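What follows is one structure encoded as structure tokens, with my remarks underneath.
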Amino acid sequence: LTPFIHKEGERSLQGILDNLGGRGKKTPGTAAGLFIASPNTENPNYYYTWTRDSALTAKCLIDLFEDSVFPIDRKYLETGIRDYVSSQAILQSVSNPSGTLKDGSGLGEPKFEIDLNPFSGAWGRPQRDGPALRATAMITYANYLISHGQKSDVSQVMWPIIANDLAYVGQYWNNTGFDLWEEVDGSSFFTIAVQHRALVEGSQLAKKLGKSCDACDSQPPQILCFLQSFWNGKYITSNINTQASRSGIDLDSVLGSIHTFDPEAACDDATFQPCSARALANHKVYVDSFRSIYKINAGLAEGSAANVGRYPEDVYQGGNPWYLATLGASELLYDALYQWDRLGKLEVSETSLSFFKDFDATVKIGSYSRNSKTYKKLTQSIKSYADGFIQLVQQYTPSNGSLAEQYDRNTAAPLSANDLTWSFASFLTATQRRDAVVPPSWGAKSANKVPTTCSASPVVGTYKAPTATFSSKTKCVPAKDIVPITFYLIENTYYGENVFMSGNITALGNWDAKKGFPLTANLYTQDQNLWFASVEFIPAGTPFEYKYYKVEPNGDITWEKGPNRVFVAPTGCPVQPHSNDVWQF
Amino acid sequence: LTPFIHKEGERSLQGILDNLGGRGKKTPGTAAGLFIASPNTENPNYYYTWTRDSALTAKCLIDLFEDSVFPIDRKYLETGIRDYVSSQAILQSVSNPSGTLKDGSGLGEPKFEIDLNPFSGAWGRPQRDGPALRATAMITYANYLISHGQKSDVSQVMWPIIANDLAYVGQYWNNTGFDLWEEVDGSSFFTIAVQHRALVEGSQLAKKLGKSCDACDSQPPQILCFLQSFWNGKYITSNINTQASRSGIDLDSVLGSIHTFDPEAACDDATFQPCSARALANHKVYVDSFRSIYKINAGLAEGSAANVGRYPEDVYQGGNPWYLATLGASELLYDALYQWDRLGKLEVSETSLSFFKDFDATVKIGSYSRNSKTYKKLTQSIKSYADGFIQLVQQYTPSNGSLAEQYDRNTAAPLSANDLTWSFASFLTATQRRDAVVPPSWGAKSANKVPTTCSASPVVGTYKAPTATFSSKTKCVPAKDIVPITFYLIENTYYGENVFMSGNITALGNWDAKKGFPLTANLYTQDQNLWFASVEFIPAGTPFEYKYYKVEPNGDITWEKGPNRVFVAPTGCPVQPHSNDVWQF
Amino acid sequence: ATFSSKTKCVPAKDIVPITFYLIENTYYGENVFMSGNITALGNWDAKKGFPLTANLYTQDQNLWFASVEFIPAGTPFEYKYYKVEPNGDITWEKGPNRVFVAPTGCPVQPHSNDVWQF
Ligand SMILES: *[C@@H]1O[C@H](CO)[C@@H](O[C@@H]2O[C@H](CO)[C@@H](O[C@@H]3O[C@H](CO)[C@@H](O)[C@H](O)[C@@H]3O)[C@H](O)[C@H]2NC(C)=O)[C@H](O)[C@H]1NC(C)=O
Ligand SMILES: *[C@@H]1O[C@H](CO)[C@@H](O[C@@H]2O[C@H](CO)[C@@H](O[C@@H]3O[C@H](CO)[C@@H](O)[C@H](O)[C@@H]3O)[C@H](O)[C@H]2NC(C)=O)[C@H](O)[C@H]1NC(C)=O
Ligand SMILES: *[C@@H]1O[C@H](CO)[C@@H](O[C@@H]2O[C@H](CO)[C@@H](O)[C@H](O)[C@H]2NC(C)=O)[C@H](O)[C@H]1NC(C)=O
Ligand SMILES: *[C@@H]1O[C@H](CO)[C@@H](O[C@@H]2O[C@H](CO)[C@@H](O)[C@H](O)[C@H]2NC(C)=O)[C@H](O)[C@H]1NC(C)=O
Ligand SMILES: *[C@@H]1O[C@H](CO)[C@@H](O)[C@H](O)[C@H]1NC(C)=O
Ligand SMILES: *[C@@H]1O[C@H](CO)[C@@H](O)[C@H](O)[C@H]1NC(C)=O
Ligand SMILES: *[C@@H]1O[C@H](CO)[C@@H](O)[C@H](O)[C@H]1NC(C)=O
């Protein structure tokens, strides 16, 4: 495995930087510090920035920057991290279909346009994990800055951003939202778990800076209390509080543990540590659910690595293995191995008995120290099993090293979005854990006491527009075919009227009222009769004419009066191009 | 030292049992399970039961009962503990000058009569440490019962009592009250520290029983936050929130650490563990404050044990060494020694530097493992220093083994109350720690995280009269000279009128209006115009006549009309003898 | 903050008011006084002792206080607290007499924070 991990590891770091706005070669017109999810523009279109993908990848690069094996430009990496932080200052102020910064709701928006404008269309919103992952990425870089004498930089630029995200989590954790696959509307294990961690970490940074974080003081025990409801007795039910019906067997559960891994923590069931009996039992159930149903898993018995997906009921693009799933499966095992090595022992219990019997059919319930025959046999066997997952990825990685979103359940051909940022991140992170490189401890050993009774009392936050940003020389790879522009219109309507825009270019339908671009009413209110559209497929420099109309509920087309409006799409590095318009009578 | 610890240790266990109502030979007319503070009846009169003395002594006997060296009747000890628990069920319902059970306020009353009646006179009330110490004693016996299959006994008899005390602490911790010496009205280190511990322990028992304790969930971090205000930078200021002015150097601070000692905890400054730099620095300051001022400390230099008192400004009975102070001084050191031995190391820091320089003038700041030359030198020297305190007690213990409250600053003669229950308890507890016998861990390692900001939000409790009690064969040592009777009177008055009672026996003044017994107005209200008196020096069986009168604000004596009222003091084992009276017109 | 000035004061002579603050829990009808060995404190005559006010006595702080005014600058004195019980009895605090020395020159809020001696 060793040469392939070196080769694909260099390739994976390159794949991340290529997708980072500023200098990334595959990000034309993207603002500095914004990660694209993939350079795919069509079938599917992933040429946007997601708060989740971007925060998980930032965490990956920050850990890399302070600890790792192959050639690395530290200066280039720190500038990218700084540009990431600056870009997020700006996005926190953007009003969007989830809401505004004023009351916090805007912060739960899943994705944005590459030029810092909001996305207008319908989507699985809100996704409440986002602020939590971003605070965790940011606190991690902040603790590095404090260590190297730059504490004034942390309090001036970084604390204003982190305080908004911590406040969001303190206020909204006990509301439903969409899961990380953007499909199921309810309460998600992964989301609650990362929310719990983010607040605990906020507390620690707040004390280093001499600041308050009331949310960080009051909420963590009650978030932990709720997180216990996901354990069903046999595995982790991934979504609850929902009308949805699937089994709940889902990678979501494995990712929750992976991304709340604490190297200094014991095998704690309360916080679901990777070496905990709950996480191991869930691992077996998760993996086994794919053995039967993918043709490329034929003959791969219990005790052997298999190719795994999001959830067994999945039909998205056929319902296939995901590279980040197969890699995540290994990473949970590598985390477990590290913890047992640190502790000097492992425990086999009733809950974990089936997991361990896949490596030793003989095994009995008991405690086993580092010296013992069972400890050696189980750990050496679990190690080979974990490597087996990386071996399957090796069989199915193309010669050019590209990691797509998916590989095919029947043929293993790569498919869906190419060069998925999070796929590359997932490779580095799994292979780091195999080599015993682990991130800073988040303090799980002091955030594991479950209350006597669950009783939720979230706190309303105070939110303030960030103002300061880091100084950087980064500009952007010039814009080409995609320059998203946002059009804001004031127009009072009656129930059943819908507002559209038309114009003399392809993205506006070339004056065909059947092909006009719809405006959303998500921010229409008695206080501001507002409609808006974000039109994306407009090349840099395009001059165009446009005009608003309504589709009346009888089918009639009612055009605004007056002359056509004119606009010129910018060139180079566009920042929130838009027009504020009032209906022409 | 060894023979004296065996001899005085047997004597001390005997001294405790002698003072325990039920079978204790020095407790005539005292109800089963009530500890008297001392058999002294005059100069001073300590023939009452205090919630503090009784709870600290119960903790001592419970620890003894599950772990200790000399002859011990375990059956006799368990019955006494059971009788203690039952007696406290009854007392929680007694209305008194601090208030009623209905709103919790009654629970802060410092002392009661030996026959379960309230004490009527003015006193340093409330003392808010009481409920906390009783809950801690009780939870400790409860965890023993659960271990030996008697969990239904814990939930039926014990939880109702403990829930009232935990609720009291959750509601009233952020109010002022009198300190443990019954003098200073403010906020006391000892009181906050034991309040913090009691709630943490309640949480653990509540989960074992499947019960709620909302107070135990919400309050501990904010109690811990407030406890940080007692550290002044050099020592622990014993009382704050007060008009009082003393230095704040006081045994109170040492007792706070001793009685929140956790053998499984590290040298934590946040919870002031005995081996913490804060507790050691305070130890030196506390001890040094007495070296100059007591004549019996002449020539006892730094590095040698000295005789110590309550606080350096003390004038009570002359202001003298207390046996429990001298012993407490040693116990803090023995606790420190145990913790360093468990951890494998000790640390010398700037805060602790003066403490350690008394045993090694050379010592430098650093960390020192068990193997090192400094660790051996410091620990062997600290050990001899601690023993030096027990050696001074040996010089000043009488041949009959009696431990009074005090011994004289000039002559070392024993004085004030003889056979102080808490003095005997303090001997067992210090000598146990010397022999490395330690109590169950209370979980300080999971209750040491200080919030980002202090912001108090106590919760209003729900209080319910306990009903169930343990079955016992214990009765009492028959009543002799002291049978306290309570007289409750309904009588409406105008401002300046005071109610008294007179009668034909010595305790009622033999019909002399100058010598009548005053009734208190502490429970007089627009809703119940109530006055009451608890008259104590009435021998068993006494028949008497009595009559109420007022001293008018002009000096006139106004007698109630009608015939004299008649009463007969009971014999044997009196339970709350009293009369409910209405003014005779 | 205050303004900077060179002003001091005309030195004190016959009137140096001192405030005595005492913590002491009582029952209804008890009044606290102070006595001592100078004229303003009544020369140990319990009929002539100085009364303390209960205006700031509360369940939260059992506080009594007196401001005694006709005490010349520099006077050294002994004092002791007592209660007049509602039956007329005089109950003295125990322990030694407390000692104080009235300041000279320009006194700023001379006072004593005291706790009843048992
Ligand atoms: C907001 O927080 C509260 C309190 O943690 C959450 O309420 C709890 O939700 C869980 C899961 O639905 C409930 O558990 C269920 O209880 C039923 C009935 O006993 C049982 O049959 C199920 O198997 C499951 O255990 C739990 O009772 C409930 N606790 C309460 C109300 O105190 C709530 O779900 C959270 N909501 C969101 C949107 O975050
Ligand atoms: C009830 O709980 C609150 C909150 O813990 C307590 O308030 C805090 O009291 C302390 C001690 O008096 C205050 O500290 C002091 O602050 C001043 C001014 O900055 C400083 O000069 C002193 O040396 C000392 O540090 C602290 O500020 C205060 N915190 C608040 C109000 O948030 C309160 O004392 C508790 N009361 C009782 C009766 O338990
Ligand atoms: C690297 O290899 C990948 C996978 O083989 C290539 O991606 C495919 O490119 C072909 C070209 O016609 C398309 O038909 C497929 O749809 C692509 N797959 C996916 C998942 O998008 C990729 O083109 C190669 N990269 C370079 C730079 O040559
Ligand atoms: C045990 O010894 C103590 C102390 O010497 C005795 O207590 C003293 O008794 C004398 C007897 O007249 C009194 O003057 C003292 O006031 C007592 N001291 C105190 C502190 O109370 C005690 O009497 C002896 N006990 C027995 C049972 O003989
Ligand atoms: C669309 O309108 C713009 C602005 O009037 C004009 O310059 C441009 O040539 C037009 N483009 C077409 C017809 O494609
Ligand atoms: C006091 O009164 C009682 C009841 O009338 C009477 O029996 C008793 O002898 C009297 N005691 C005296 C005068 O000591
Ligand atoms: C009063 O007491 C003080 C202090 O003890 C003493 O110095 C002074 O002489 C006394 N004054 C009298 C008796 O006038």
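In this analysis, Cβ positions are derived from the backbone assuming ideal geometry, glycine residues included, and neighbour counts consider all displayed protein chains. The numbers here are math on the coordinates, done by the rules we state, and not lab data.
Please give me the summed charge of the neighbours of B:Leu530: other residues whose Cβ is under 13 Å from its Cβ, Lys and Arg +1, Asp and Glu -1.
Values: positive: none; negative: B:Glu491, B:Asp527, B:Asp581.
Once positives and negatives cancel, what remains is -3.
Counting partner chain Cβ atoms within 10 Å of every residue's Cβ in A:211-222, what's the average? Could you put the intermediate results ahead of the total?
On the way: counts 2, 4, 3, 4, 1, 3, 10, 6, 0, 0, 3, 2.
Whole-number average of other-chain Cβ neighbours for A:211-222 is 3.
Could you pull out every one of the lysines with an alpha carbon less than 18 Å from that of B:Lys102, ignoring same-chain neighbours closer than 8 positions?
Result set, ordered by chain and number: B:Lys464.
If I model a spin label as a point 7 Å beyond the Cα along the Cα-Cβ vector, how far apart are those points for B:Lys345 and B:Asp288 in nm?
2.8
Check cross-link reach from B:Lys376 to the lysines: straight Cα distance under 23 Å, and skip same-chain residues fewer than eight apart.
B:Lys284, B:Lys345, B:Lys357, B:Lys364
Between B:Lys364 and B:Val459, what's the calculated FRET efficiency when r is the beta-carbon distance and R0 is 60 Å? Round to 0.05.
Details: r = 48 Å, r/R0 = 0.81.
About 0.80, to the nearest 0.05.
Taking the Cα centre of each part, how many Å lie between the range A:467-535 and the range A:188-220?
Comparing the Cα centres of the range A:467-535 and the range A:188-220, I get a distance of 36 Å.
Kindly state, to the nearest 0.05, the FRET efficiency for A:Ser152 paired with C:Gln61, given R0 = 60 Å and r defined as their beta-carbon distance. Walk me through the numbers before you get to the answer.
Working: r = 44 Å, r/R0 = 0.73.
Using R0 = 60 Å, I get an efficiency of 0.85.
Do the sum for the protein assembly as shown: with -39,500 (n - 2.57) for every DSSP H run of n ≥ 4, divided by all residues, what is the mean residue ellipticity at 222 nm, to the nearest 500 deg cm²/dmol?
One gets -10000 deg cm²/dmol as the mean residue ellipticity at 222 nm.
Answer with one residue from A:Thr140, B:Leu101, B:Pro553: the one whose Cα lies farthest towards the positive end of the charge dipole of the protein assembly as shown, charges on Cβ with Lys, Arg +1 and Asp, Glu -1.
A:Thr140
Calculate one ³J(HN,Hα) per residue across the range B:225-231 by plugging θ = phi - 60° into the Karplus curve 6.51 cos²θ - 1.76 cosθ + 1.60, and present them in order as whole Hz with x for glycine and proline.
Coupling constants for the range B:225-231: 4, 5, 4, 4, 5, 7, 6 Hz.
Excluding same-chain residues fewer than 8 positions from B:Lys234, which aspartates and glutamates have a Cα within less than 18 Å of its Cα?
Correct list for B:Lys234: B:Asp250, B:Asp252, B:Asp268, B:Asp269, B:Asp288, B:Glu302, B:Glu347, B:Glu350, B:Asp358.
Take the alpha carbon atoms of the range C:9-31, find their center, do the same for the range C:37-70, and report the distance between the two centers in whole angstrom.
What the calculation gives is 5 Å, centre to centre.
What's the average, rounded to a whole number, of partner chain beta-carbon atoms within 10 Å of each residue's beta-carbon in B:242-252? Provide the component values of the computation, followed by the final result.
Numbers: counts 5, 11, 7, 6, 2, 0, 0, 0, 0, 0, 0.
Mean shielding by partner chains, rounded to a whole number: 3.
Give me, ordered by chain and number, the residues 5 or more places off A:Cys267 or on other chains with an amide H under 5 Å from its own placed amide H.
Sorted by chain and number, the residues that satisfy this come to none at all.
What are the ³J(HN,Hα) values, in whole Hz, obtained from phi via the Karplus relation 6.51 cos²θ - 1.76 cosθ + 1.60 with θ = phi - 60°, for each residue of the range A:449-457 in sequence order, with x given for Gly and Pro?
9, 6, x, 4, 8, 8, 7, 7, 9
Which shape class, rounded, prolate or oblate, goes with the range C:18-115 when its Cα gyration tensor gives a ≥ b ≥ c as root eigenvalues, a/c under 1.5 marks rounded, and past that a/b bigger than b/c marks prolate?
Values: a/c = 2.12, a/b = 1.41, b/c = 1.50.
Note, shape of the range C:18-115 comes out oblate.
Say the dipole of chain B comes from +1 at the beta carbon of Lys and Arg and -1 at that of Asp and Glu; which of B:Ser372, B:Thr411, B:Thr57 then lies farthest toward its positive end?
Working it through, the farthest residue towards the positive pole turns out to be B:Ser372.
Let a ≥ b ≥ c be the square roots of the eigenvalues of the Cα gyration tensor of the range A:1-435; is it rounded (a/c under 1.5), or, if not, prolate (a/b larger than b/c) or oblate?
rounded
Just from the alpha-carbon atoms, what are the Rg and Dmax of the range A:485-582 in angstroms?
13.5, 44
For the range B:287-361, which chymotrypsin sites (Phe, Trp or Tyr not before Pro) pass both filters: DSSP loop (anything but H, G, I, E, B) and at most 11 other C-beta atoms within 10 Å? Working shown, then result.
Details: sites: B:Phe290, B:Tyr294, B:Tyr316, B:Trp322, B:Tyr323, B:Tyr334, B:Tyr338, B:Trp340, B:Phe355, B:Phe356, B:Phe359; in loops: B:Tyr294, B:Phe359.
Passing both the DSSP loop test and the Cβ count: no residue.
Select from the range C:13-88 those trypsin sites (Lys or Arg not before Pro) which occupy a DSSP coil region and have at most 15 other Cβ atoms within 10 Å, ordered by residue number.
C:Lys13
For the range A:39-54, just list the computed ³J(HN,Hα) in residue order, Karplus coefficients 6.51, -1.76 and 1.60, θ = phi - 60°, integers in Hz, with x standing in for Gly and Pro.
Per residue, the Karplus-derived 3J(HN,Hα) values read x, 4, 10, 8, 6, x, 8, 10, 7, 9, 10, 9, 4, 4, 4, 5 Hz.
In chain A, which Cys residues have no partner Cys with a Cβ closer than 4.7 Å?
Those would be A:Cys60, since no other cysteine Cβ in chain A comes under 4.7 Å of theirs.
With a point put 7 Å past each Cα toward its Cβ, work out how far C:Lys13 is from B:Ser354 in nm, to one decimal.
In this crude spin-label approximation the distance works out to 4.7 nm.
Applying a 10 Å radius around every beta-carbon, put B:84-90, C:90-96, A:176-182 in order of their mean neighbour count, most first.
On the way: B:84-90: 22.9, C:90-96: 13.6, A:176-182: 21.1.
Descending packing order for the listed peptides: B:84-90, A:176-182, C:90-96.
Kirkwood hydrodynamic radius, computed over distinct alpha-carbon pairs, for the protein assembly as shown: how many Å, to one decimal? Present the calculation step by step, with values, prior to reporting the outcome.
Working: mean 1/r = 0.0276 Å⁻¹.
36.2 Å is the Kirkwood radius here.
Identify the chymotrypsin sites (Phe, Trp or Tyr not before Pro) of the range A:469-532 meeting these criteria: DSSP loop state and at most 11 other C-beta atoms within 10 Å of the C-beta.
Values: sites: A:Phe470, A:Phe487, A:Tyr488, A:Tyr494, A:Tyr495, A:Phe500, A:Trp511, A:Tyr524, A:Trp531, A:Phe532; in loops: A:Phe470, A:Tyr494, A:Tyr495, A:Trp511, A:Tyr524.
For chymotrypsin sites (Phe, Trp or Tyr not before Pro) across the range A:469-532 that sit outside H, G, I, E and B with at most 11 neighbouring Cβ atoms in 10 Å, the list reads A:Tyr494, A:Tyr495.
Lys and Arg at +1, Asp and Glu at -1: add these up for the other residues within a Cβ distance under 12 Å of A:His148 and post the number.
Details: positive: A:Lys151; negative: A:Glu66, A:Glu78, A:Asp153.
Residues near A:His148 contribute -2 overall.
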